[PDB]
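Chains as they are written, first to last, in the entry's author numbering: chain I, 38 to 713; chain E, 144 to 428; chain A, 38 to 713. For every residue, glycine included, the Cβ atom is placed at its ideal position computed from N, Cα and C. In what follows, a structure is listed as C-alpha cells, so that the remarks can point back to it.
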Amino acid sequence: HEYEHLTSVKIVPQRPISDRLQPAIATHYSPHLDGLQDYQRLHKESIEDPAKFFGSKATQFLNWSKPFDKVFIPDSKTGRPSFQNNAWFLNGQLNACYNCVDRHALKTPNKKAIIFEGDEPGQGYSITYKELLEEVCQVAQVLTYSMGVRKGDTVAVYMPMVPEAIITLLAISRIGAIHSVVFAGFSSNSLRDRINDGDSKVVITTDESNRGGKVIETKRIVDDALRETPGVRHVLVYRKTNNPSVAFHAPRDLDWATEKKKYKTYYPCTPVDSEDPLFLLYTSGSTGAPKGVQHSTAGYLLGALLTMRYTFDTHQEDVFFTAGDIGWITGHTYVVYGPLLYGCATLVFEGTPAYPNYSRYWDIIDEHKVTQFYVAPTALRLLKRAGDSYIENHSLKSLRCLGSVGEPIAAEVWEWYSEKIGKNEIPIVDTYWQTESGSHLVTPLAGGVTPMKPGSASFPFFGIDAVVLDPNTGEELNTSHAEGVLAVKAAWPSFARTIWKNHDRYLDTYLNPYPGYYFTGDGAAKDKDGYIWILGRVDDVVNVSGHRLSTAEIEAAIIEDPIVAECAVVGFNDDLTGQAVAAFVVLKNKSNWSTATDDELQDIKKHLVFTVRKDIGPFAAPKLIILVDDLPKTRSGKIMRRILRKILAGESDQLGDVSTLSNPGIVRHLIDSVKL
Amino acid sequence: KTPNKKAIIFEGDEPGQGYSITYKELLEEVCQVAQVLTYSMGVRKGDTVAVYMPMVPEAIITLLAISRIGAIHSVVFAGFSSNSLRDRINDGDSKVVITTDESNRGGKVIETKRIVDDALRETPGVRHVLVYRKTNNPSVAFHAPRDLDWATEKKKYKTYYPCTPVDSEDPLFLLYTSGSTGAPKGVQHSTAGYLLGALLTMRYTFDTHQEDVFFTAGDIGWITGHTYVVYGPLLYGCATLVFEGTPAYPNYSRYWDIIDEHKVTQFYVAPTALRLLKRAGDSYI
Amino acid sequence: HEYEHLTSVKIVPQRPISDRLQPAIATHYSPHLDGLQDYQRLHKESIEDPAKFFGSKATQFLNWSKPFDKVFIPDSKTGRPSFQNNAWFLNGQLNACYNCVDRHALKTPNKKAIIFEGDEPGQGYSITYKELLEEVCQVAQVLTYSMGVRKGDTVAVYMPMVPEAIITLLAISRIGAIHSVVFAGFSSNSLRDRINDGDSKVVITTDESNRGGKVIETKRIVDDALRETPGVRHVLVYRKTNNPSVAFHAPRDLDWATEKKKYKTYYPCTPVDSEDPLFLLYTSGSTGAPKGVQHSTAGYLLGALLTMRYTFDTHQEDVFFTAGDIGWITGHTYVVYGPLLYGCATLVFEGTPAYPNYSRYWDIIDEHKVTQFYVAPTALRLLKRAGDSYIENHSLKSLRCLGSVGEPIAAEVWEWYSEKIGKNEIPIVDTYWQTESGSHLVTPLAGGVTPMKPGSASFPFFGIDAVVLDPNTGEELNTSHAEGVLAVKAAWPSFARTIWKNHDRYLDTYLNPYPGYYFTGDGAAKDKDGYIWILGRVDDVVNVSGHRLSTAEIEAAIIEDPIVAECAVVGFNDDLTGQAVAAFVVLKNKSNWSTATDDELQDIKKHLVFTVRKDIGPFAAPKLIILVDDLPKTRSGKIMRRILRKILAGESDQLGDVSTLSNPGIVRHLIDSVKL
Ligand SMILES: CC(=O)OP(=O)(O)OC[C@H]1O[C@@H](n2cnc3c(N)ncnc32)[C@H](O)[C@@H]1O
Ligand SMILES: CC(=O)OP(=O)(O)OC[C@H]1O[C@@H](n2cnc3c(N)ncnc32)[C@H](O)[C@@H]1O
C-alpha cells in the first residue's frame, strides 16, 4: 500500500537471556520492566500525571543539594508540560559532576569507570572511580585558578576522544561552567564560528592526535581559528604526543600535564540550579550558522538515567560500548553522562574499525566483555561489506544487547546484524531521537518488554506523547493507518530549552510550524498495532505525481539483491511532474564493478530498477542509477544526502565545507561519476 | 498557580489605548529581561541599575527583572533635569541605565533619551544604556556601541529563567529622595523587611483580597509607587492599575472614567490631586 | 542579442582541489570562504554596514601602533562611505613596513620572503624574512642620514625589478617617506616630468640592467632627465653590474653597496597616520600629464590583504608569482605589498618569457613550486602562439590557481589557458580593476566559491556596490538585462584619494560625470544571474548606425578561426554614419602570411569578415582588414589601441612618445601596413 512493502514484516518476540549473564549478575539479574503490560500502564501514568512519575524518579536517582518544589510548569490550557515555558524541578539544585563521579567514587572506589583503548591495539588502560575523582578535581582547580574560569563562563573543547577529554568535561561541569565540544576533525573556519558564537574564553585542546593511523594537527587548527577571535584568553594543551614539533607560547599556552600537579586531589562541587545550562552542542545542517543547542542540567541528567535504566536495561556491573565521537549528542549521552551517572563502566575507543583490519570491534568486545553495543548504522554497513570472514574467530558471547542510531536501518541490515553478531538471540534496539530531544523519543525497550519489527522503532519513550500529524494541515491522524509527520503533544524533561543567543530561531524552527506541537521534522507512519516507522526527513521527500515518496522505503528496496552494498536515493530535477528518482548505488565488490560496462553494468542497472518497480512501484523506480565506489558520510553517522542532491542537480561547487564528512576527498569521485 | 489572572491593567495617556497583562505573561517578560541584564548588560548580583523610565508596563517589568538577578534598582522621576539625574547616577554608582526614547504625559513630549545622554556626559561609570522605543519612529540618536534596543535584544532570550537567592538583609532598592539640600539621599531598604511591611499593610490597612484592583494615583519614582504599584498588589496577588497620564488630560473626568471602566475597588490618591479635582467641580462626576 | 554572442556561454563549476596540495598544507588546508552562499551573505553585510565588516578585519589583520576611532566618514545623505571625503580608520597609526617585514621576520625568521630569478637562468637566490629585515633597516638609515630623507619627502625609484628595488620600496616606507616608481624602460622626457611633478629630491637607480638579454642604460637616462631638474640633491646608484663604463660623480652619486655597510642592521619604524600617503603612481594615457595617483596607507594595505585572502585564497605556505613590472599597479599590489604583508613568498622574475625560449615561465613554475600564477593576457597570447611544444615536458602540478589582468580575455584564450596550463582543474580568475581602485572591483573568487563563465569577471568584491548605469543619463539600470557603463555607488578603503597636486582633475575625471557615482570609465553589461561583463573602455566605443559596438565582443569573434593569433578593433573615419569598423589582425604563422597575396590573403580576409558577420552581425563586420606581423603593446599589458587609431586615421605622426610600448620599433611596420 502506502508503505505496504516497508511495513509488511513479521514480529520477532524477544527471547529470555540467562545464558549470557556474567557471574557478577547471574545471581540477582532481573529486568527493570517485567513486560509490555507494565510498559503500557507505566507509560499511561507518565503521560497523564508527570508530577508523580518524574517527580519521584527525579529524587530517587539523582542526588540533590537542595530539593525542588515543582516538578514542572503547566500549560494554562491543560495539565501537561508547556513547550514555550518548559522547565522542570524548579528551585532545586544539583551538581552534575557530583552525581557522575563523586557519588560513586566515594562509595565504590575500586570499580572501573573508564576502560580505554587507543588507536594502536597494544595500548590502553583502566581508570577507577577513585582515580577519576582525583583527576577531575585537579583539573577543576586548574580551570579555576589558572585559566580564570568562573561559574557561567564557557569552555570550548576540541579534543579527540581520549580519557583526558572525558575528565575535562566533568571538571568543567564541576565548577558550574558550560562546556561546548567541537569535533576534532573540523576545519578552522567552522571552529572559529563555534568559538565566537558561544563566546568561549577558554579553549582546551591537544597537540596532535592519531586516528586510523593518521595524524590530526589539532593545535594548529586551534591557533588558526583563534587568529580572528578577540575572546580567548587562555589555551590549555594536552601533550598527548610527548615530543612533536609543535609551537607552544608561554603567554597563553598552558601545559595540561604540568599545571595539574600544582593542585590538590580533592576539590568540591559548586551548586548549580536545576535549570542552569549544562552544555551546548553546535550542531549543523550546513545552513545558516551552527546552532548552539542548549540543554539544562536536571532535565538532561534525568533523561539520560531513565534511558539507561529502561531502554538498555543496564546494571551496575555492565560495560557499555558506544561506537561514536564525543562531539555528537550520543557521545554526551552515552559515553560521558550515561554510564558514569548510572554507575556502569564506559568503554572508550578513540580509533576506527577500519584500522588495522575490521576485526577490531570484535576483538574489543571479547577482550573487555562488552555487554552493550550501540553503533551507528553506517559502521554496520561497512562491517557487513568487509564480510563474515572477519568474525570467524569471535563468539561475542558477552553481548546482551545490540542497538543503533542515526539513520534508518534496512531490514536487510537488521537481519544480518541479528544473525551474525547477535546470533539470533540478542535484541536489536533501533532507537530514534534528535539532538534536541536529548534522549530517546521512540524506541524498543530491551529485556523482554517488547516484540520488535525489523526496521521500526516501536513505541514512544516514557513521557513523550508522540502523534502522527496530517502533513499538510491541522488535525492529527486518528486512525489505524496513518501517514504524516511526527510530532509531540507536550514537553518532557530533557527537551532542548533553547538555541544559544537566538531564541527566535528556536521557536520558528520547532514550535511555530504546526503550532501546538513539537515538530520533529521527520516523516513517519503509524502502523497497525502502533509501531512507528520513520520515513526519512520531511525535507527530502521526493514528490512524484503518483504519491509522496519515502526515501527510507525506497532505499530499503534497493539494498535487496545482495550485489548492492549501500544506497542513497536523491530527488532530481526533471521534466516530470515534481522530480525524478535518482539513486547512488555502491556495489559490494570492485572486481564486479570494474568490467566492460556495456557488457555487465547495464544489467546491474536493469536489475536494480526491476526490483524497485515490482516491490514499491513504477513511480518510485529510479531512472538515474549511478554506480559509485562510495557515498559521502558524516562524522555524526549519516549519508550526507544533501551533497549528493546538489552534485546531482548540477550545483556541485556550492557544497560548503567538505570537512563535515568522515571521508572528505570522496567528492572528487562523486562529481566525476555524476557527470558521466 | 493562577496563570490566567490579571496582574497589570494598563491605561495610557491617550484614552483609546491600553491592555492587560496576566501573571503568566508577566513571568515570561520578566524572565527575558533578566537574561538581557545578565548577558548583554553585564549586570551581576549587587550591582546597580538606574531606571529613568516613565511609568509604563515595561518599567514595572524592568524593576522586577532587576530584583530577580539580585541587583539593586534605583528609580529617578522621568521629569527630572540632567543635573539632578547626574548626581543620582553617580552617587549610587550605577553602571547600567534603563530608559525610553520619548514619552507622553498630558499630551506633552518628554525627551527622556536626550536627558540621559546629557547626564552621562560627565559620568565615567555607565557602560550600557538600554532603550525602550516606546515611540517607534522618532528622530532620536541611537549609538550601537552602547545603546541596546530593548525590543530587539529581548527576543534572543528564553522565556523562563530562575531567581537568584538573596539574603533577607540585602538591599532591595534605593530611593534618591530630596528636600533640595545637601545632596539626594539614597534611602536604602532591605528585602525581607520591606516586603513584609508592604504585605501587612495591604492586608490590614486596605483590607484587600485577591480579587481586587488597586489603583494608586502616583509616579513610580515615589515611595508610594514602589509600595503600592509594584511591590504591593503584585506581592499580595491583587491586580495593579497603572495609569501613565494625568487627570488633567483630556478633561478631569478621566479618573472617574477609569474607575468605572475597570471596576477599581481601591483608590489611593495624593491630596493635591483631590484639590484640583474639587476645583474642577462636581459637573465632572 | 546585444552581446548575445559574447554572453552565451556555459557555466563552469569549480572542482575541489586536494590532489595539488603540498605536504605543507595538506594536513590543514581549508578555503577561507566555504561557498557562494557565504559570499552572498558576507557581501551583503559588507555593503550594508562597513563599520563592522571592515572595522573588524582592519584590526584582525593589521598591526596598529595606535588604534583607530572611526572606521569611516559617512555621507550625510546615507550611511555609506562618502566619495568626496573618503577616509578610513581615522586617528589610528600604522607603519606599512612593520606589517610587511618586521611582523613576520620577528616571528618566522627562517622562511623565504623573496625568491629571485634573474634574466639569465643560472642565477638566482632566496631571501628570508630575517635577511630582509636587516637589508631594509640598513637602507632606511642610508636614506635617513646620507640622502637626507625626512618624513613626507619623496623618493623616486627608477630601478629594474630586482630584490634591491623591493628592499628600497620597503625602506622608504619605513621612514615615512612617499615613494614613486617609474618603469625602467621610460625615456628621459617622461622621467623628467614624473620627477618634477612629484617633487622628488632623491632618486634611486641602477647603473645598467639586462632584460631579454638587452642592456638598458638606466644611469644615463636618469642623468639626462636631471639636467633640467633643480630639485634633486642626491642620487643613489646600485651597481648591479660591477664593472661597466658608467660615469659616477662623487658630489652626489652614492654607491648603494658601499654606503650600506656603515649602518646598523636594526632600525625602527616611524609612526605614520592611517591616512598618510603610501605611494604615488604616475600613470599615463599619453594625454595631459602623468597622473600621480595617490593611495593612503591603511586603506591600501587592508585592500591588498583582503584580496590575497579571499580572491586568491592564499596561505602562509604559498609562492605567489606575478608576471609583471614593479612600476605597474599590480607590481605594488602583488609583488611587494601583497604576499609580503600576508606572509607568503614572492617570486620575483626580472626578465621576459621570450628569453631564451618561451619555456621559461614553465621552467620557473616547476622549479620553485609556484602555486599562484597571475599573468597579463598579452603574455598569454604570445605563449599560445609559441605553441604547445613548449610545455610538453612540464606538469605544472603545483599550481592551484591561475588568473589574469589588464585586458579582456577572449573565451578562446581562456579555454586554451584552462586546458593546457590549468589542465581543466585549476580555476582561472579573470579580475577587473583599475589603478584608482587599488584592489579588485569585480572578480571570481578562488576556492569553490563561484561558478565561472569564460570571459567574464563575476561578482563585485566585498564592499563595492557596483552598478550598471544608463550610459547617457540619470538612472541606473534595474533589469535582468543591462547595457551601460560601470559605476560604483559608494567609496571603499582603497579607493585612490587624489591626484598629486591636482584635486580638480581628480574630481572632474572620476566623480563629476554621472555625479553621485564613481565613474569607472569602462563599459559593461549585466547578464542574467548577475555576471558582469566588461565591454571595453567607453572612449573606444565605435558608433555604428545600427548600435553601439563593443570592442570586446567583436575582438572575441575575430580570434575564432585559429589562423588568427591576435586582433584589435579600431573605429575608423568613413562616409558611413558614425564610423567604420577596421581591424588589425595578426596571423599565427609567417609562412602562411607571406605568400602570393592575391592567391590567399584575400581569402583570409573573406573568412575573417564572414565570421564576424554571421556571429555578431553586419553592422559590426569589419571593412578594413589589415594583416600585420604584430600589434603595439604596453609595458602595462595592453594593446595600445590609441596608436592604432591614430595611424589608421592618418595622423600617424602625432603618437607621442613611443617609449610607453614594450615593443617600440613596431610603429615602423604599422605605418607601412596601414598605408598599403
Ligand atoms: C548532529 C546531527 O545532525 O544530529 P541530529 O540533529 O540528532 O539529527 C536528527 C536526525 O537524526 C535522524 N535519526 C536518528 N535516529 C533515527 C532513526 N532511528 N531513524 C531515522 N532517522 C533517524 C533523523 O533523520 C533525524 O531528523
Ligand atoms: C597604468 C594603466 O593604464 O593601468 P590602469 O589605469 O589600471 O588601466 C585601467 C583599465 O584596465 C582595464 N582592465 C583591467 N582589467 C580588466 C578586465 N578584467 N577586463 C577589461 N578591462 C580591464 C580597463 O580597460 C580599465 O579601464
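Practice task
With a threshold of 7 Å, establish whether the CB of A:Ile571 neighbours any heavy atom of ligand 2.
Solution key: Here residue 571 of chain A refers to the residue found at position 534 when the third sequence is read from its first residue. Under cutoff, so the answer is yes.
Handout entry: I:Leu339, enclosing alpha helix (DSSP H) - first and last residue
Key = For the purposes of this step, residue 339 of chain I is taken as the residue at position 302 of the first sequence. Note, I:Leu339: alpha helix (DSSP H), 334-347.
Practice task
In angstroms with no decimal places, state the Cα-to-Cα distance between E:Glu387 and E:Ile253.
Solution key: Residue numbering aside, residue 387 of chain E sits at position 244 when the second sequence is read from its first letter. Residue numbering aside, residue 253 of chain E sits at position 110 when the second sequence is read from its first letter. Rounded to whole angstroms, E:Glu387 to E:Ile253 spans 13 Å at the Cα level.
Problem - Interface residues of chain I facing E:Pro146 [CB-CB closer than 7 Å] - result: The count along the second sequence starts at 1 and reaches residue 146 of chain E at position 3. Within 7 Å Cβ-Cβ: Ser113.
Problem - Cβ-heavy atom distance, E:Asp261 to ligand 4, below 7 Å - result: Of the ligands one can find in the structure shown, namely ligand 1 and ligand 2, none is ligand 4.
Exercise for the section: Helix, strand or coil for A:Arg705, going by three-state DSSP, please let me know. Expected result: The residue labelled residue 705 of chain A in the question sits at position 668 within the third sequence. Helix, per DSSP.
Exercise for the section: Apply the 10 Å Cβ neighbour rule to I:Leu99 and answer buried if 16 or more other Cβ atoms are within range, or exposed otherwise. Expected result: To locate residue 99 of chain I, count along the first sequence from 1; it is residue 62. I:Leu99 comes out buried.
Exercise for the section: Reducing DSSP to helix, strand and coil, say where A:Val606 ends up. Expected result: Within the third sequence, residue 606 of chain A is the residue found at index 569, counting from 1. A:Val606 falls in the strand class under three-state DSSP.
Exercise for the section: Report the residue ranges of all beta strand (DSSP E) runs contained in full by the stretch 308-337 of chain I; include only those spanning at least 3 residues, in chain order. Expected result: 314-320, 328-333
Practice task
Please state whether DSSP places E:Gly161 in a helix, a strand or coil.
Solution key: One-based indexing of the second sequence puts residue 161 of chain E at position 18. Strand, per DSSP.
Exercise for the section: Could you confirm whether any beta carbon from chain I is found closer than 8 Å to the beta carbon of E:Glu296? Expected result: By one-based count along the second sequence, residue 296 of chain E stands at place 153. Not one chain I Cβ lies under 8 Å of E:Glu296.
Handout entry: Beta-carbon gap between E:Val385 and E:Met196 smaller than 8 Å
Key = Counted from its first residue, the second sequence places residue 385 of chain E at position 242. Counted from its first residue, the second sequence places residue 196 of chain E at position 53. No. Outside cutoff.
Practice task
Return yes when the Cβ of E:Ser217 is within less than 8 Å of the Cβ of E:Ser237, no when it is not.
Solution key: Within the second sequence, residue 237 of chain E is the residue found at index 94, counting from 1. Within the second sequence, residue 217 of chain E is the residue found at index 74, counting from 1. In this structure, E:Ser217 lies closer than 8 Å to E:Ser237 by Cβ.
Problem - Simplified DSSP assignment, three categories, for I:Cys381 - result: Residue 381 of chain I sits at position 344 when you count from the first residue of the first sequence. Correct three-state label for I:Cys381: coil.
Handout entry: Beta-carbon neighbours of E:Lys301, restricted to chain I and to distances below 7 Å
Key = Your numbering for residue 301 of chain E matches position 158 in the second sequence. The answer, in chain order, is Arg534, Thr535, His540.
Practice task
Rounded to whole angstroms, what's the CA-CA distance from I:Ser113 to I:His271? Just pull it up for me.
Solution key: As a position in the first sequence, residue 113 of chain I is number 76, starting the count at 1. As a position in the first sequence, residue 271 of chain I is number 234, starting the count at 1. Whole-angstrom Cα-Cα distance: 47 Å.
Handout entry: Status (buried if at least 16 other CB within 10 Å, exposed otherwise) for A:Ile663
Key = Residue numbering aside, residue 663 of chain A sits at position 626 when the third sequence is read from its first letter. Result: buried.
Exercise for the section: Run the CB neighbour count on A:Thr634, radius 10 Å, all protein chains shown included, and call it buried at 16 or more, exposed below. Expected result: By 1-based counting over the third sequence, the position of residue 634 of chain A is 597. By the neighbour-count rule (16 or more Cβ atoms within 10 Å), A:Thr634 is not buried but exposed.
Problem - Helix, strand or coil at A:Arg52 [DSSP, three-state] - result: The residue labelled residue 52 of chain A in the question sits at position 15 within the third sequence. Coil at A:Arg52, not helix or strand.
Exercise for the section: Compute every distance between the C-beta of I:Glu449 and the non-hydrogen atoms of ligand 1, then say whether any falls below 7 Å. Expected result: Residue 449 of chain I sits at position 412 when you count from the first residue of the first sequence. Answer for I:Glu449: no, Cβ out of range of ligand 1.
Exercise for the section: Return the CA-CA distance between I:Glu603 and I:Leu668, expressed in angstroms with no decimal places. Expected result: Translated into positions along the first sequence, residue 603 of chain I becomes position 566. Translated into positions along the first sequence, residue 668 of chain I becomes position 631. Approximately 8 Å between the Cα atoms of the pair.
Practice task
Could you tell me which of A:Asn233, A:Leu343, A:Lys188 sits nearest to A:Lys94, measuring between CA atoms?
Solution key: Taking the third sequence and counting its residues from 1, one reaches residue 94 of chain A at position 57. Out of A:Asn233, A:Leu343, A:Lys188, A:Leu343 has the C-alpha closest to the C-alpha of A:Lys94.
Handout entry: Inter-residue Cα distance where the pair is I:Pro60 and I:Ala262
Key = Here the question's residue 60 of chain I lines up with position 23 in the first sequence. Here the question's residue 262 of chain I lines up with position 225 in the first sequence. For I:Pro60 and I:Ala262, the distance between alpha carbons rounds to 51 Å.
Handout entry: For I:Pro445 and I:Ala589, believed in contact at Cβ under 8 Å, the rounded distance
Key = Taking the first sequence and counting its residues from 1, the one referred to as residue 589 of chain I is at position 552. Taking the first sequence and counting its residues from 1, the one referred to as residue 445 of chain I is at position 408. That pair is a contact at about 5 Å.
Exercise for the section: Return yes when the C-beta of A:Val442 is under 7 Å from any heavy atom of ligand 2, and no when it is not. Expected result: In the third sequence, residue 442 of chain A corresponds to position 405, counting from 1. Result yes, Cβ under 7 Å from ligand 2.
Practice task
Put A:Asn549 into one of helix, strand or coil per three-state DSSP.
Solution key: Stepping through the third sequence from its first residue, residue 549 of chain A is reached at position 512. Coil.
Problem - Sub-8 Å separation of A:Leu338 and A:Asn136 beta-carbons - result: Residue mapping note: residue 338 of chain A aligns to position 301 of the third sequence, counting from 1. Residue mapping note: residue 136 of chain A aligns to position 99 of the third sequence, counting from 1. Yes, the Cβ-Cβ distance between A:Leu338 and A:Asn136 is below 8 Å.
Exercise for the section: Compare the beta carbon distance of A:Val192 and A:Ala214 with 8 Å and say whether it is the shorter of the two. Expected result: One-based indexing of the third sequence puts residue 192 of chain A at position 155. One-based indexing of the third sequence puts residue 214 of chain A at position 177. Yes, they are a contact pair.
Practice task
Compute the Euclidean distance between the alpha carbons of A:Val46 and A:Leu436, then round it to the nearest angstrom.
Solution key: Here residue 46 of chain A refers to the residue found at position 9 of the third sequence. Here residue 436 of chain A refers to the residue found at position 399 of the third sequence. Their backbone Cα atoms lie some 26 Å apart in a straight line.
Handout entry: Candidates I:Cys438, I:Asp467, I:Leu169: closest to I:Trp451 by CA position
Key = Here residue 451 of chain I refers to the residue found at position 414 of the first sequence. Comparing Cα positions, the closest option is I:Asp467.
Handout entry: Proximal chain E residues relative to I:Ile110, where beta-carbon distance stays under 8 Å
Key = Within the first sequence, numbered from 1, the residue matching residue 110 of chain I stands at position 73. Neighbours of I:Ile110 on chain E, chain order: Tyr303.
Handout entry: Short CB-CB distance (under 8 Å) between E:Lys149 and chain I
Key = In the second sequence, the residue the question calls residue 149 of chain E occupies position 6. Chain I contact via Cβ: absent.
Problem - CB contact flag (A:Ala605, A:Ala620, <8 Å) - result: The residue labelled residue 605 of chain A in the question sits at position 568 within the third sequence. The residue labelled residue 620 of chain A in the question sits at position 583 within the third sequence. Yes, the pair counts as a contact, with Cβ atoms nearer than the cut-off.
Problem - Between the CA atoms of E:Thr334 and I:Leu548 - distance to the nearest angstrom - result: Position 511 of the first sequence, counting from 1, holds the residue named residue 548 of chain I. Position 191 of the second sequence, counting from 1, holds the residue named residue 334 of chain E. In a straight line, the C-alpha of I:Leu548 is about 38 Å away from that of E:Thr334.
Exercise for the section: Would you mind telling me which residues of chain A sit closer than 9 Å to I:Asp694, beta carbon to beta carbon, in chain order? Expected result: The residue labelled residue 694 of chain I in the question sits at position 657 within the first sequence. Going along chain A in sequence order, the residues near I:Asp694 (Cβ under 9 Å) are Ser67, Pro68, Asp71, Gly72.
Exercise for the section: Can you say whether I:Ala561 is buried or exposed, counting buried as having 16 or more other CB atoms within 10 angstroms of its CB? Expected result: Position 524 of the first sequence, counted from the start, is the residue given in the question as residue 561 of chain I. Classification for I:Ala561: buried.
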